[PDB]
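Student: Residue numbers (PDB author numbering): 4 to 32, 35 to 169, 184 to 354. All C-beta atoms in this analysis are idealised placements derived from N, C-alpha and C, irrespective of residue type, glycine included. Could you have a look at this structure, given as structure tokens, before my questions?
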Ligand SMILES: Nc1ccc2c(NC3CC3)nc(-c3ccccc3)nc2c1
Ligand SMILES: O=C(Nc1ccccc1)c1cccnc1
């Protein structure tokens with residue numbers, strides 16, 4: 004039996020949500038999100054209505070992707086799905102997708118864009134990012150877009166990773196347009212984020228992709244022989260070979276007065292060579308997180324089937340696949 008939907012118009016768009024969700028109140032804008042009271046759980050929630058979810062092949066697949074990813078995430082430091090619904094009674098009329106998650110208090114952009122943080126605070130927030138990242142990465146998922154505005158924190162300092184300049188946090192292999200980057204592109208982002216929390220300033224505020232690399236190389240130094248031998252694009256190789264050789268900065272001179280353990284972790288995160296960059300699992304056991312690290316409570320994820328990413332299908336097939344996933348959704352445990 005379907006719940007009772009009620010209809011209302013919120014600013015620019017119509018919303019049709021079960022009666023269970025009350026006091027919809029826009030929080031901003035892929036789609037738009039409202040804060041709501043959820044009568045069944047007693048919780049404040051975020052309800053996102055996807056805009057034009059099935060309007061092109063790209064939208065339809067993206068819609069499918071978002072639903073698949075959210076349904077999979079079950080970890081304290083990663084956003085999870087409370088609910089997913091459509092007002093449609095059948096596939097034929099299936100046109101709208103709404104997703105429901107915990108309402109989070111603020112993003113990390115806010116916490117930093119107002120005050121500097123304590124070292125104890127950065128410890129706990131970086132710890133939590135790494136713990137969520139271990140989990141995400143263990144599923145062979147790469148976030149790819151980690152930045153302060155994608156990290157939600159509530160008043161208790163509890164942190165969750167979500168997906169809602185990017186270039187400022189982006190690993191240099193991606194800047195250089197490498198096709199074969201790994202999971203540690205996210206570690207690079209975590210490094211830029213941590214640096215920003217410790218100093219109150221964007222570590223690498225590039226105006227564009229070239230400026231961005233210039234700023235990066237200025238701290239980390241131009242690639243040595245060992246890394247240059249791994250660069251398969253000639254114009255890329257010859258770009259970095261054509262710049263003036265920059266030496267590696269000592270990070271203790273750069274992050275002066277910061278906890279030396281934090282400086283050390285940063286040294287291990289902000290490595291040009293992605294093969295030598297610390298992983299999330301490794302970083303968790305770094306001395307800097309001594310007061311939080313518990314090797315028996317840093318879980319990995321169930322295997323995640325992303326074989327769909329390589330499929331080329333019709334809009335109606337992505338739509339049908341999305342509908343299946345709506346239908347089979349099992350709400351998480353209440354306790
Ligand atoms: N094992 C690795 C480690 C780092 C790499 C990297 N990093 C860029 C210097 C920052 N870039 C590239 C690459 C190859 C072809 C075209 C564009 C980029 N490959 C890398 C392979
Ligand atoms: O974007 C948010 N939640 C959300 C994320 C993905 C799907 C549905 C909802 C959000 C917004 C503001 C506070 N907390 C979560």
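Looking only at C-alpha atoms, which of 70, 131, 100 sits nearest to residue 164?
Tutor: If we check each option's Cα against that of residue 164, 131 comes out closest.
Student: For residue 223, which residues from the same chain have a beta carbon less than 7 Å from its beta carbon, with the 5 sequence-adjacent residues on both sides left out?
Tutor: Closer than 7 Å at the Cβ level, and outside the excluded window around residue 223, lie 187, 211, 231, 234, 235.
Student: Please state if the CB of residue 348 and the CB of residue 89 are separated by a distance shorter than 8 Å.
Tutor: In contact: residue 89 and residue 348 (Cβ atoms closer than 8 Å).
Student: Excluding the 5 residues preceding and the 5 following residue 86 in the sequence, name in chain order all residues of the same chain whose CB lies nearer than 6 Å to its CB.
Tutor: Hits under 6 Å: 75, 76.
Student: Check each candidate in 217, 198, 286 and name the one with the smallest Cα separation from residue 240.
Tutor: Taking only the C-alpha atoms, the option nearest residue 240 is 286.
Student: Who are the near neighbours of residue 265 in its chain, counting only those whose CB is closer than 6 Å to its CB and skipping five residues on each side?
Tutor: Closer than 6 Å at the Cβ level, and outside the excluded window around residue 265, lie 236, 237, 240, 241.
Student: When the distance is taken between beta carbons, is residue 195 closer than 8 Å to residue 117?
Tutor: No; because the gap between Cβ atoms is not below 8 Å, this pair is not in contact.
Student: Quick one: is the Cβ of residue 20 within less than 7 Å of any heavy atom of ligand 2?
Tutor: Residue 20 Cβ: outside cutoff for every heavy atom of ligand 2.
Student: Assuming contact is defined by CB atoms lying nearer than 8 Å, are residue 271 and residue 139 in contact in what I supplied?
Tutor: No. Outside cutoff.
Student: Three Cβ pairs or more, each shorter than 8 Å: is that satisfied between the stretch 106-113 and the stretch 278-293?
Tutor: Touching, no.
Student: Figure out for me which residue from 275, 280, 267, 228 has the closest Cα to the Cα of residue 255.
Tutor: Ranking 275, 280, 267, 228 by Cα distance to residue 255 puts 228 first.
Student: Output the residue ranges of the beta strand (DSSP E) runs that lie fully inside the stretch 62-90 and measure 3 residues or longer, sorted by chain position.
Tutor: Those beta strand (DSSP E) runs which fall completely within the stretch 62-90 and span 3+ residues are 88-90.
Student: My understanding is that residue 5 touches residue 94, with C-beta atoms under 8 Å, so please give their C-beta distance in whole angstroms.
Tutor: 7 Å between Cβ atoms; contact.
Student: Quick check on DSSP: helix, strand or coil for residue 36?
Tutor: It is a strand residue.
Student: For residue 68, count neighbouring C-beta atoms within 10 Å of its own C-beta (all shown protein chains included) and say buried if the count is 16 or more, exposed if not.
Tutor: When all chains shown are included, residue 68 counts as buried.
Student: What does the Cβ neighbour count give for residue 97, buried or exposed, with the cut at 16 atoms within 10 Å?
Tutor: With fewer than 16 other Cβ atoms within 10 Å, it is exposed.
Student: Compute the beta-carbon to beta-carbon distance between residue 306 and residue 143, rounded to the nearest angstrom, for a pair I have assumed lies under 8 Å.
Tutor: Contact doesn't hold; Cβ gap of about 23 Å is too wide.
Student: Under DSSP, the beta strand (DSSP E) around residue 158 begins and ends at which residues?
Tutor: Per DSSP, residue 158 belongs to the beta strand (DSSP E) from 156-158.
Student: Can you determine whether any heavy atom of ligand 2 sits closer than 7 Å to the C-beta of residue 169, and answer yes or no?
Tutor: For ligand 2, at least one heavy atom lies less than 7 Å from the Cβ of residue 169.
Student: Going by beta carbon distance, what residues of the same chain come within less than 6 Å of residue 190, once the five residues before and after it are set aside?
Tutor: Contacts found: 204, 207.
Student: Whose C-alpha, out of 244, 40, 64, is nearest the C-alpha of residue 336?
Tutor: Checked all of 244, 40, 64; the closest Cα to residue 336 is 64.
Student: Helix, strand or coil for residue 115, going by three-state DSSP, please let me know.
Tutor: Here residue 115 sits in helix by DSSP.
Student: Determine the direct distance from the alpha carbon of residue 99 to that of residue 318, and round the result to whole angstroms.
Tutor: In a straight line, the C-alpha of residue 318 is about 36 Å away from that of residue 99.
Student: In chain order, what residues of the same chain have a beta carbon less than 6 Å from the beta carbon of residue 42, not counting five sequence neighbours either side?
Tutor: Cβ within range, chain order: 25, 26.
Student: What does the alpha-carbon distance come out to for the pair residue 354 and residue 251?
Tutor: When rounded, the distance between both Cα atoms is 53 Å.
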